[PDB]
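So the chains spell out like this:
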Amino acid sequence: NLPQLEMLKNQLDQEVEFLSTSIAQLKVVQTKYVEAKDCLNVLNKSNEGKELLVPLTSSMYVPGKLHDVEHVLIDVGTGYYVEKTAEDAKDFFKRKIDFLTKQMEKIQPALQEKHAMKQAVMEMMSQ
Amino acid sequence: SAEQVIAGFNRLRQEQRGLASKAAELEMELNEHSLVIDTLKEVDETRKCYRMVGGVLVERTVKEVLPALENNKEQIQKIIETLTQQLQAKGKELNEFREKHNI
Amino acid sequence: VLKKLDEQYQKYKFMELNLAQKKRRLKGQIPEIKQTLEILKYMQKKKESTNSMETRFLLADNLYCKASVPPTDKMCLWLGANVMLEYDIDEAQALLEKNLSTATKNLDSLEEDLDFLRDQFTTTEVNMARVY
Amino acid sequence: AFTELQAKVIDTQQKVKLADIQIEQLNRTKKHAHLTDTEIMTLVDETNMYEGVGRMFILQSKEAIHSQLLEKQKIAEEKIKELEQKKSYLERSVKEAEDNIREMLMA
Amino acid sequence: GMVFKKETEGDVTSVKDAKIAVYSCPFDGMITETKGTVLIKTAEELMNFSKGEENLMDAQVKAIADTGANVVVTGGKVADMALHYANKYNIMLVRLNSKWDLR
């Protein structure tokens, strides 16, 4: 009874934290998908011609001039070049936002399943 | 009874770990304030200095970038002493309330 | 006797973890300074590489906008902590090469000395145990 | 039986813990969007001002950037109302139900 | 008066009126064997640990001489590096003591 449950409640604590860390990773993945749409919102609205400071590399910025706001690269596949317009790019970002949400949604009751089972072992040891 | 003493000392130790995350989080930033203010003074400051952080560039000069560098370094070293005194005062307070309760 | 051998086994293993905390911070510095030199030294400027070129800007991690480049000849590098200064090529080049050479030697010279600082810690704890 | 109605309000407690942490972000995002608006309303020397979401920083005049940054604090101002009403609602849902649980199990 | 069979090491006390310092193990003696990875990677840190060990027991006989005690009682063994500074400081030493000697 009780020595089995004291080993059992400690195992489920890792299984919560292993899944919850995977939730924390996929939020970072959909973070840049929100971030790429909001960069794209300024792009069509402003105009071509405005000066931008973009990273040449890490912590080093190169200036430049802006042209062709209605044609953008989308990085999908295994790392593949896909040229799209800016209008279809917003739809595919929000599609990937709901996709990464869907990746966390299948974990989410199972994340709560490992938490509620551990609490029930805490109750069964208490009862 | 001796259980109120030995458990209250466990309460003061857990606040030492609650003290632990906040002061060292600021302490990592003051050394970044150390390395930045030295490279700016060695390099040319006649051309205009900006302030670049994540998400915003405000077009500035050297005379507006320079004082906040010395300001934000001095504010950190005060708070890491301040956060030490407050949480260690909290460990003294919970011990005497446990001794006056269960007597 | 194996009993004196067994105490030195555990005191050697625990001091290995304190070394790995210091080497990985030395490890994390190296690729970041590595990206600064090789991207600069191949493009070398809009000026040095002979006017207007092509570009596909980094707006985000997956969204790149294609355009024609032509900027003016400066590079606004990023120092950190509410500081940006505009720079040129010659100021940005010789600085990062020095940070390139040290970050290897910061990893190389310490990783031997950490291996003997572990050996100081394991040797110290066993001589006091055998005496008192 | 009575075990099932115990677990429902316990599962409602962790939804409050999710509700408690959302208001800490949205209060911070309002004030920080207000804080960056103050520093650009501080200067009068230069109309040059860069805005961006990624590591891009587009060249625009500062005055149109103010009114957009007036909208940035405002949407974060709008969300702290709907969350705190929600956070109180999930608080009232679990705590008033918790009054039902313990006093009738101990009875 | 108190009879101690243990052999008197070093010279006699500076005064017979000396303050008696009775210690469980102030002085040590070094020998070791194979480590977690066998027989550690250098002998330089063995020399580096040996230099501070002598200056440690140099200051131990010095601080006893400073504080007024002119005799030290060692329930542990005698260090050689501790010994040759104790002769110049004119402090009498006991090479080793048992459990009944200290109490």
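Residues numbered from 1 in each chain as written, not as in the entry; some residues may be left out. Chains lettered and ligands numbered in written order. Part of a larger assembly, values for the part shown. Heavy atoms only, no water.

Per the PDB record, the structure was determined using cryo-EM to 7.8 Å resolution.

By the naming in the PDB entry, chain B goes by Prefoldin subunit 2 and is assigned to Homo sapiens. What the PDB record gives as the title of this entry is "hTRiC-hPFD Class6". The UniProt entry for chain B carries the following comment under Function: "Binds specifically to cytosolic chaperonin (c-CPN) and transfers target proteins to it. Binds to nascent polypeptide chain and promotes folding in an environment in which there are many competing pathways for nonnative proteins." According to its UniProt record, chain B has this under Sequence similarities: "Belongs to the prefoldin subunit beta family." (UniProt positions renumbered as here; feature names shortened; annotations may be inferred.)

Naming follows the PDB entry, where chain A appears as Prefoldin subunit 5 of Homo sapiens. Per UniProt, the comment on chain A under Function is "Binds specifically to cytosolic chaperonin (c-CPN) and transfers target proteins to it. Binds to nascent polypeptide chain and promotes folding in an environment in which there are many competing pathways for nonnative proteins. Represses the transcriptional activity of MYC." Here is the UniProt Sequence similarities comment for chain A, exactly as written: "Belongs to the prefoldin subunit alpha family."

A. Layout of the pattern of salt bridges. Evaluated as defined, the whole model comprises 15 salt bridges over all chains. A salt bridge links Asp 115 of chain C to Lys 23 of chain C, with the shortest nitrogen-to-oxygen separation between them at 3.6 Å. Residue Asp 115 of chain C is located in helix α2 (residues 89-131), and its partner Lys 23 of chain C is located in helix α1 (residues 2-43); the two are separated by 92 residues in the primary sequence. Taking the relative accessible area as the measure of exposure, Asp 115 of chain C reaches 17% and is therefore buried. Beyond isolated ion pairs, a larger network of salt bridges with shared partners links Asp 44 and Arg 47 of chain B together with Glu 91 of chain C. (Salt bridge = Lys/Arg side-chain N within 4 Å of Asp/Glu carboxyl O. Helix = DSSP H or I, 4+ residues; strand = E, 2+ residues; numbered from the N terminus. Buried < 20%, exposed > 50% of the residue type's maximum accessible area, 1.4 Å probe, protein only.)

B. Representation of unusual backbone geometry. The phi dihedral of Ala 81 of chain C falls on the positive side, at around 55 degrees, and the residue is not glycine. In this fold, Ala 81 of chain C is placed in the loop between β3 (75-78) and β4 (84-87). Phi is positive for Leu 39 of chain E, close to 60 degrees, though the residue is something other than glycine. Along the chain, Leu 39 of chain E turns up in the loop between β2 (19-23) and α1 (44-67).

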